[PDB]
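Remarks on the structure that follows.
Each value in this text was obtained by applying a stated rule to the coordinates, not by laboratory testing. Cβ: placed from backbone, ideal geometry, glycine included. Neighbour counts: every protein chain shown.
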């Protein structure tokens with residue numbers, strides 16, 4: 001059907017906007033603390049602490065499979081990246097502090113992304 005194709009153009013355009021958002025978020029992480037999953041070889045107890053690990057590469061795999069149906073889904077995953085880090089790492093750590101800074105700077109990008117997704121449809 002033609003409608004399925006129009007929707008697919010909408011998901012595709014959302015994907016194009018989400019890719020730009022993802023790249024902008026990932027620029028606020030120059031240390032690359034959040035680029036890849038936490039290593040279960042290096043933190044073997046990680047899954048006892050964090051039930052839903054997330055990272056930017058895992059978000060990117062989902063994005064390229066057009067696996068985010070709306071902005072809310074994408075934000076949920078970005079918020080896991082931050083929230084997992086702030087739970088596992090103590091307040092006085094470089095990791096925790098990187099997550100605060102990513103959250104703060106990310107908010108600005110996400111605030112305008114929500115306006116673009118409502119505006120463009």
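Of note:
- Residue 41 on the phi < 0 side of the Ramachandran plot and surrounded by 10 or more Cβ atoms within 10 Å (Cβ to Cβ): no
- Filtered residues of region 24-73 (kept if over 26 Å from residue 13 (Cβ atoms), in contact with a helix residue (DSSP H, G or I) (Cβ under 8 Å, 6 or more places away or on another chain), free of Cβ contacts under 8 Å to residues at least 40 places away in the same chain and in a helix (DSSP H, G or I)): 49
- Output for region 74-106, where each listed residue is over 15 Å from residue 49 (Cα atoms) and crowded, with 18+ Cβ neighbours inside 10 Å: 74, 77, 78, 98, 99, 102, 103, 106
- Scanning region 74-121 for residues that are under 13 Å from the mean Cα position of the chain (by Cα), under 27 Å from residue 6 (Cα atoms) and without any contact (Cβ under 8 Å) to a residue 12 or more places away in the chain gives a single hit, 76.
- If you go through region 1-23 and keep only what is without any contact (Cβ under 8 Å) to a residue 12 or more places away in the chain and out of contact with any helix residue (DSSP H, G or I) (no Cβ under 9 Å at 6 or more places or on another chain), you end up with 1, 2, 3, 4, 5, 6, 7, 8, 9, 16, 23.
- Condition check for residue 18: part of a helix (DSSP H, G or I) and either surrounded by 13 or more Cβ atoms within 10 Å (Cβ to Cβ) or touching a strand residue (DSSP E or B) at 6+ places or on another chain (Cβ under 6 Å) (or both): yes
- Meets criteria (in a helix (DSSP H, G or I) and within 27 Å of residue 100 (Cα to Cα)) for residue 10: no
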